[PDB]
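Here's the letter readout for the chains.
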There are 6 protein chains.
Amino acid sequence: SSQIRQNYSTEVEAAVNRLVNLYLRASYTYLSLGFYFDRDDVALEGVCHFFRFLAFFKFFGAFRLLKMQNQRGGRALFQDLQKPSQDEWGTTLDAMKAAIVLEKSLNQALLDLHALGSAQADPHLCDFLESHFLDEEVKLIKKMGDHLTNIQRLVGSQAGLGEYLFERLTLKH
Amino acid sequence: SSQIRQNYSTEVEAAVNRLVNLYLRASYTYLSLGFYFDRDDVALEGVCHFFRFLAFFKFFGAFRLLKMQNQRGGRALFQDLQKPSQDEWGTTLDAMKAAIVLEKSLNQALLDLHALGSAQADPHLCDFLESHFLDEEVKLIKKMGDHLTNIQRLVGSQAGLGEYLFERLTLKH
Amino acid sequence: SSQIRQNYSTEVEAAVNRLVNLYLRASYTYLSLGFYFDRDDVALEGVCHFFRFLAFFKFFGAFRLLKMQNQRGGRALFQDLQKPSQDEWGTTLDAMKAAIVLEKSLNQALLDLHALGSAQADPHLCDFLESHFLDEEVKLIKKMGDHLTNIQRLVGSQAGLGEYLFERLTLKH
Amino acid sequence: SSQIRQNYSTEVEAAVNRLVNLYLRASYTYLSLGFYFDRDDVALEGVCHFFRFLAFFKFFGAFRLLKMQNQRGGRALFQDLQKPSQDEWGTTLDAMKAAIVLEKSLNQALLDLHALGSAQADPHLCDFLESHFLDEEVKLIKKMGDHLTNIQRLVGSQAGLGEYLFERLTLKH
Amino acid sequence: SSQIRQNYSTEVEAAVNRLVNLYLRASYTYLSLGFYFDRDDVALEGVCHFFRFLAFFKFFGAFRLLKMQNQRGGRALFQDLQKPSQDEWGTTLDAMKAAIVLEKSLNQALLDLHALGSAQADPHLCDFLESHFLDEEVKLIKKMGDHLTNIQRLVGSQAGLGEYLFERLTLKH
Amino acid sequence: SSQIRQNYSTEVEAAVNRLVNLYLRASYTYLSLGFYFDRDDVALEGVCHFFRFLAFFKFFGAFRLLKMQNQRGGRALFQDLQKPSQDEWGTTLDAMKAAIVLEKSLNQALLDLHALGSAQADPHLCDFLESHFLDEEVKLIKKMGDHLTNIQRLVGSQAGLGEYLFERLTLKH
Ligand SMILES: CCN(CC)c1ccc2nc3c4ccccc4c(=O)cc-3oc2c1
Ligand SMILES: CCN(CC)c1ccc2nc3c4ccccc4c(=O)cc-3oc2c1
Ligand SMILES: CCN(CC)c1ccc2nc3c4ccccc4c(=O)cc-3oc2c1
Ligand SMILES: [Cl-]
Ligand SMILES: [Cl-]
Ligand SMILES: [Cl-]
Ligand SMILES: [Cl-]
Ligand SMILES: [Cl-]
Ligand SMILES: [Cl-]
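Thresholds, definitions, all that
Each residue takes a number counted from 1 along its chain in the order the sequence is written, a numbering that need not match the entry; residues with no coordinates do not appear. Following the order in which they are written, the chains are lettered starting with A and the ligands numbered starting with 1. These chains belong to a larger assembly; the numbers reported describe only the chains shown. Values shown for side chains rest on all heavy atoms present in the structure; no hydrogens or waters enter the calculation. Residues with missing side-chain atoms are left out of burial classes, side-chain pairs and their counts. Runs of E in the DSSP output that reach at least two residues are strands. Runs of H or I that reach at least four are helices, and both are numbered from the N terminus. Alignment of copies: least-squares superposition, C-alpha atoms only. Contacts are assigned to residue pairs with any non-hydrogen atoms lying within 4.5 Å of each other. To be near a molecule or strand, a residue needs just one of its heavy atoms within 4 Å of it. Values of accessible area rely on a 1.4 Å probe in the Shrake-Rupley scheme; residue burial ignores everything except the protein chains shown. Only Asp, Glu, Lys and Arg are considered charged, only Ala, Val, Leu, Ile, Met, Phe, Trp, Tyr, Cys and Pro nonpolar, and every remaining residue, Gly among them, polar. Note on classification: 1.4 Å probe, protein chains only; a residue is buried when its accessible area is under 20% of the maximum for its type, exposed when over 50%, partly exposed between these limits. The term polar contact refers here to a pair of N or O atoms within 3.5 Å; inside protein, the definition further demands a hydrogen-donor-capable atom paired with an acceptor-capable atom, and it admits residues adjacent in sequence only when both atoms are side-chain atoms. Between 30 and 60 degrees the pair is tilted, below 30 it is stacked and above 60 it is edge-to-face, where a pair is any two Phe, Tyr or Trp rings, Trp via its six-membered ring, whose centres lie within 6.5 Å. Definition used: whenever NZ (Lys) or CZ (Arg) falls within 6 Å of the ring centre and also within 35 degrees of the ring normal, the charge is taken to sit over that ring. In this scheme, a helix's expected span is set at 1.5 Å multiplied by one less than its residue total. Here a salt bridge means any side-chain nitrogen of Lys or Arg lying within 4 Å of a carboxyl oxygen belonging to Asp or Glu. Each nonpolar core is a collection of buried residues, namely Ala, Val, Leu, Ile, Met, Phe, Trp, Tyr and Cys, held together in the definition by side-chain atoms within 4.5 Å. Once two parts are brought into contact, the accessible area they lose, counted with a 1.4 Å probe and summed over both, makes up the buried area. Lines are fitted to the C-alpha atoms to define the axes, a helix being fitted only along its stretch in contact, and any angle between axes, read from their N-to-C directions, falls within 0 to 180 degrees. Throughout, the term roughly parallel applies to angles under 35 degrees, roughly antiparallel to angles over 145, roughly perpendicular to angles from 65 to 115, and oblique to all others. Crossing handedness follows the turn of the near helix against the far one: under a right angle anticlockwise gives a left-handed crossing, and clockwise gives a right-handed one. Two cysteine sulfurs form what is called a disulfide whenever their separation falls within 2.5 Å.

The deposited coordinates derive from X-ray crystallography, with the record listing a resolution of 1.600 Å.

## With respect to the overall build of chain A
Scanning chain A for helices and strands turns up five helices and zero strands. With respect to the three principal axes, the spread of C-alpha positions in chain A is 60 × 25 × 25 Å.

## A closer look at the relation of the copies chain A and chain C
Superposing chain A onto chain C requires a rotation of 180 degrees together with a translation of 0.0 Å along the rotation axis, leaving an RMSD of 0.0 Å. The operation mapping one copy onto its partner corresponds to a two-fold rotation axis. Relative to the rotation axis, the C-alpha of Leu 81 of chain A is the closest in chain A, positioned 2.4 Å from it. Both copies contact each other with a shared surface, as 100% of the interface residues of chain A are interface residues in chain C too.

## A closer look at the site of ligand 2
Taken together, the residues surrounding ligand 2 are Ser 27, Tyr 28, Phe 56, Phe 59, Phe 60 and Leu 81 of chain B together with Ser 27, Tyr 28, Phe 56 and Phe 59 of chain D. Per-site note: the chains with residues close to ligand 2 are chains B and D. Look at ligand 2: alone it shows 510 Å² of surface, and the protein chains cover 92% of it. A per-element tally of the shell around ligand 2 places helix α2 (residues 45–72) of chain B first, with three residues. Grouping the amino acids of the shell around ligand 2 by side-chain chemistry returns eight nonpolar, two polar and no charged.

## Comments concerning the site of ligand 1
Every residue close to ligand 1 is listed here: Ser 27, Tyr 28, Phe 56 and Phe 59 of chain A together with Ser 27, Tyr 28, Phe 56, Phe 59, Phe 60 and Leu 81 of chain C. Taking 520 Å² as the accessible area of ligand 1 by itself, protein coverage stands at 92%. When contributions to the shell around ligand 1 are tallied by element, the ones reaching two or more residues are α1 (10–37) and α2 (45–72) of chain A together with α1 (10–37) and α2 (45–72) of chain C. Ranked by residue count, the leading element in the shell around ligand 1 is α2 of chain C, at three residues. Across the shell around ligand 1, the residue classes tally to eight nonpolar, two polar and no charged.

## A look at the environment of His 114 of chain A
Residues and elements named next belong to chain A. Its location among the elements puts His 114 in helix α3 (residues 92–119). A relative accessible area of 18% means that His 114 is categorised as buried. The spacing of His 114 and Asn 21 is 93 residues in sequence and 17 Å in space, taken between C-alpha atoms. Here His 114 is in contact with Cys 126, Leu 129, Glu 130 and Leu 134, once residues within four sequence places are set aside. A distance of 2.6 Å separates polar atoms of two side chains, one belonging to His 114 and the other to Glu 130.

## Considering the packing of aromatic side chains
Tallying each qualifying case throughout the model produces 90 aromatic pairs over all chains. Seen in terms of ring centroids, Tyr 23 of chain C and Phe 133 of chain C are 5.6 Å apart; in terms of plane orientation they differ by 90 degrees. Their pairing is edge-to-face. Taken together, the residues span a long stretch of sequence, with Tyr 23 of chain C in helix α1 and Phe 133 of chain C in helix α4 (residues 123–153) at a distance of 110 residues. Exposure remark for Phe 133 of chain C: the relative accessible area of 5% places this residue in the buried category. Put simply, the rings of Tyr 30, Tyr 36, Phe 37, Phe 50 and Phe 51 of chain A pair up and form one aromatic cluster. One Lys or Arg, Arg 52 of chain D, reaches over the ring of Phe 35 of chain D and ends 5.0 Å from the middle of that ring.

## Structural notes on helix α2 (residues 45–72) of chain D
Its 28 residues place the ends of α2 of chain D 41 Å apart at the C-alpha level, agreeing with the 40 Å of an ideal helix rising 1.5 Å per residue. Positioned one or two residues after α2 of chain D, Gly 73 of chain D has a phi angle of 90 degrees, which is positive.

## Points about the relation of the copies chain E and chain D
Rotating chain E by 90 degrees about the axis while translating it 0.0 Å along that axis superimposes it on chain D, leaving an RMSD of 0.0 Å. This pairing of chains is accounted for by a four-fold axis.

## Observations concerning the interface of chain A and chain C
With 32 residues of chain A in contact, the opposing surface of chain C contributes 32 residues. Looking at the side of chain A that touches chain C, the elements that each hand over two or more residues are α1 and α2 of chain A. Among the elements that line the side of chain A that touches chain C, the one with the most residues is α2 of chain A, at eight residues. When the residues that make up the side of chain A that touches chain C are grouped by side-chain class, the tally is 14 nonpolar, eight polar and ten charged.

## Quick look at the pattern of salt bridges
Residue and element names in this part refer to chain B. Considering all chains together, one arrives at 63 salt bridges over all chains under this definition. The partner of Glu 103 in a salt bridge is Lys 58, and the shortest N-O contact between them spans 2.7 Å. Of this pair, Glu 103 sits in helix α3 (residues 92–119) while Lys 58 is found in helix α2, placing the two residues 45 residues apart along the sequence. For the pair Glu 103 and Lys 58, one class covers both residues: buried. Across the salt bridge formed by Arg 168 and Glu 167, the nearest N and O atoms sit 2.8 Å from each other. Residue class for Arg 168 comes out partly exposed when judged on its relative accessible area of 30%.

## Remarks on the nonpolar core
Side chains of a nonpolar character, in soluble globular proteins, are inclined to be buried together. Core analysis: the largest hydrophobic core is formed by 119 residues, its most contacted members being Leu 31, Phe 37 and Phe 51 of chain B together with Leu 31, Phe 37 and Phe 51 of chain D. Beyond its immediate stretch of four places on either side in the chain, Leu 31 of chain B contacts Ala 55 of chain B together with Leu 24, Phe 59, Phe 63, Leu 66 and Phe 78 of chain D.

## Details of helix α5 (residues 159–169) of chain F
Counting buried residues in α5 of chain F gives eight out of eleven residues, a clear majority hidden from the surface. The secondary structure elements touched by the buried residues of α5 of chain F are α4 and α5 (159–169) of chain C together with α2 (45–72), α3 (92–119) and α4 (123–153) of chain F.

## Observations regarding the interface of chain E and chain D
Interface size is often expressed as the accessible area that is lost when the parts come together. Counting residues at the interface gives twelve residues for chain E and 14 residues for chain D. Around 1,100 Å² of area is buried between chain E and chain D when both sides are counted, 58% of it from carbon and sulfur atoms. Connecting chain E to chain D are one salt bridge. Taking the shortest distance from any N to any O, the salt bridge between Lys 142 of chain E and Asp 38 of chain D comes out at 4.0 Å. Our count for the chain E to chain D interface comes out at eight residue pairs in polar contact.

## Quick look at the packing of α1 of chain A against α2 of chain A
All names here are of chain A. At their nearest, the axes of α1 and α2 sit 7 Å apart, and the two run at 165 degrees to each other. Comparing their axes, α2 and α1 come out roughly antiparallel. For the pair α1 and α2, the sense of crossing is left-handed. Tallied by class, the residues present in the contact of α1 with α2 amount to 21 nonpolar, five polar and three charged.

## Quick word on the side chain of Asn 70 of chain C
Position of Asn 70 of chain C relative to the elements: it lies in helix α2. Setting aside its immediate chain neighbours within four residues, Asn 70 of chain C contacts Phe 35, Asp 38 and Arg 39 of chain A, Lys 142 of chain B together with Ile 4 and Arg 75 of chain C.

## Focus: the side chain of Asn 150 of chain C
Here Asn 150 of chain C shows up in helix α4. For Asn 150 of chain C, the residues in contact, after removing those within four places along its chain, are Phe 166 of chain C together with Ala 43, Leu 44 and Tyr 164 of chain F.

## Some words on the state of the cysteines
Tallying each qualifying case throughout the model produces zero disulfides over all chains. With no disulfide of its own, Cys 126 of chain B lies closest to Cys 126 of chain E among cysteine sulfurs, the gap being 11 Å.

## Considerations on the environment of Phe 51 of chain D
Within the secondary structure, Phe 51 of chain D is located in helix α2. With 117 residues separating them in the primary sequence, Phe 51 of chain D and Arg 168 of chain D have C-alpha atoms 15 Å apart.

Structure, rendered in structure tokens:
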């Protein structure tokens, strides 16, 4: 089979491939989010930049997973990448809500894979997730929650004003 | 006639002179826009600076056209320059709407001249427009559209507040 | 419809979206190629790096296309991204042959889009492709052809030796 | 009326607008002079540069006038800008003669406006002209007179030689 | 046939080879011009340097054409290079007239090749000429026209004096 | 005749012109060699660079000869330049064999011209060849012989491998 593979279950190997798919889909979703906010009829540069950065971060999560798959002697297998769930993403609030839903799903997939690794007595896998993914994910979700709260505080009765101010004064542009 | 002129039609020569007129008129329109926003009873420095910069950019478009006319062996001919269409330019929104109308007209004149050059098998003319004008124009129109959207989002029911905030937080001052 | 869109046909808009799909698929194909050559049982670092670089270049081609779609006032629409055509890519020769087939297909799609733009009298589109895509593509295809020739010269009767030497002495590692 | 305007007559306000028109026309005349000397069949780079510089200086005179109009609480009003008096400008001598005629007319307009300001007991206006215009104008006219004398000395019986030498050895290129 | 060639007609391939011949002949003509002006009985260093520089520029035009021929998968084919049309080149005026005739012929060959590329729907070829040749050629022809005018102005009745002065005060030495 | 010419025979003058022709032909031969090795179906960059460098060196030999012809008061006369002897140059071995044949012919022409100068008691000519040509030529021929030997050692029974290795490990790329 493999000359390096050791303590690396078929179940973990397949789950890692699934997780790569999920990260690449997330990157794709963020690519779509970023270009939507770049539209001339949306035009929220800070929001564009926030999601563009996340497209790159999620790609690099996939890349790290694939590197690890090879380091362990598993075989990368790629599947079709589903398009994002929407073509238009509504307001900054709508978009940030969709982003936290996405991130919570990615987090649950990380937790599930960690639990599989623990069941399989695969400490390298468990350490890998802990060291490179689980805290990054908690930090990201906390940032999105912070943003959601600030966006919600700004809606009030002048929604356009609040959306502009959030983009200008919170997000980097 | 001319010792350098080669593959440069009378039709293109005249159209280039017309286009110089249009760019100089545009520069004049932007000069008027800039000084209107500098009025003590208007007083939107960022808006002033935005249109002042465009007066200079449109002059330099004219200048480049005239340089090219001479490089090709055509003869610059100047006409009367019509004053701008308004003496007072209303709100930032009104002004940005008038600017995008102006830019779309300049863009259509560029496209028309490109089509004439293509019909006349004048690739130097076509390349010149492509390289120095067509993308600059698309970029400018996209920026104005972005601005229009942000200004429109800010009107809401507190128009003065939105006009101040746009000037302060989007435009450079 | 759109406040900026001008001289930008629905046919071009759709074709640009199709081309984005093709570039993202190409990026995905190169991602798979790169990780295959990173396998412990393949282990050709220079080949890995060559295809990894191309995954990034093709993503950035897609990104530029999407930026232009927005600059013109079109609407990015994303579709499902087909997985790559193979899970395992054979020898360096096999892989470089598959890469040139891919690149020739991307080149033909560029040429087709250029021809559509010309038919539609869309010089901005034509210039955009000429300036950012057509020469990059010719340069890439020429490099791949050079590589193919060198790989073919090295097969002889000691194929493993030739594959090692090409990776070590031509490709960057 | 105006919240800042003080000691600023309607007569001065209108005269300042007229003077802006005259400076912009002068800039236009110099633009035409500059491009005439850039013709391949004229080809006197130093002369081109001399008049090009004056086109920019006269624009900036207009700009300063418009800035002052706003500082005083007057209202900029723009009129049609007459094309220059000639399409072709003859020899360097002809051109320098036309330039000094133009400058003397601008100087007389400055003097007239100064006299109006003095009659109206408008010392800010009087100081403004004295500080930014009257000496600049005297210096420019003296330079042109110097040039005229040197050009006239060079005509003799070898006019082409003299025109070349003046361009090469006096004017900056 | 070729593993890289795509959208590159036999007609364009042959025309590119012809154009290489024309550029190399032009380089040869300029080599002869340069050494004629270096003769002890001609001795016009600035003129020598002007034509020497053009010999190098025309060689590099040929070189770029040959590089492109290979990038496209065509085959460079070289023919005999005709000697220049004269052994002695007369006055600076005669020489500059012969140079502009040469350049106009090269320009017409560029335009002809561009038209062939357009007819063949070869945008890479069209872009290549536009980007590297057509404007360089217009700029060169305009410079030569400028020079011709200055040389003609200097003939007058003291031709030797004018030829010396042009060499000393216009051309770089 | 000439105001500087002294001790410079018609026989030497003509022979120098012949030698210029031979150097320019050699430059042309090397230009063809260089672009052949740049072909996508040849693709030996080090070989390309070796012959390209020689095209430039042989041009500069011609240039020095023409400079000397003028320094002595002779008259440069150019003839038609024959195309190179082949359109395709075979293997690196074939090409290096053709290069040493060419160089030996150029060397014999140098020796013949030296012998003519000696017979004519023209020490300046003799010194010129000795100082700028004869040792450069011996050094070049020795380098080519070294290369030939190394290429021959590498043929063995795996000719493609040897051709690759020579290009990669001996020639500069
Ligand atoms: C599989 C197809 N997909 C998902 C849409 C890819 C493929 C490659 C990508 N490569 C990058 C990338 C590469 C280098 C530097 C920065 C970035 C980046 O910010 C985002 C990326 O996103 C990608 C998505
Ligand atoms: C009103 C139409 N007209 C008169 C023909 C203008 C408008 C704008 C101009 N802007 C410049 C300018 C702007 C920035 C930097 C340098 C220059 C310059 O050297 C000359 C100018 O000349 C102008 C004439
Ligand atoms: C007479 C037509 N032929 C022979 C094919 C020429 C003419 C001019 C050339 N000029 C150069 C040259 C010029 C400047 C810097 C580098 C180079 C060079 O590497 C090779 C050259 O090769 C030439 C051949
Ligand atoms: Cl499938
Ligand atoms: Cl009129
Ligand atoms: Cl779907
Ligand atoms: Cl009117
Ligand atoms: Cl022949
Ligand atoms: Cl002949």
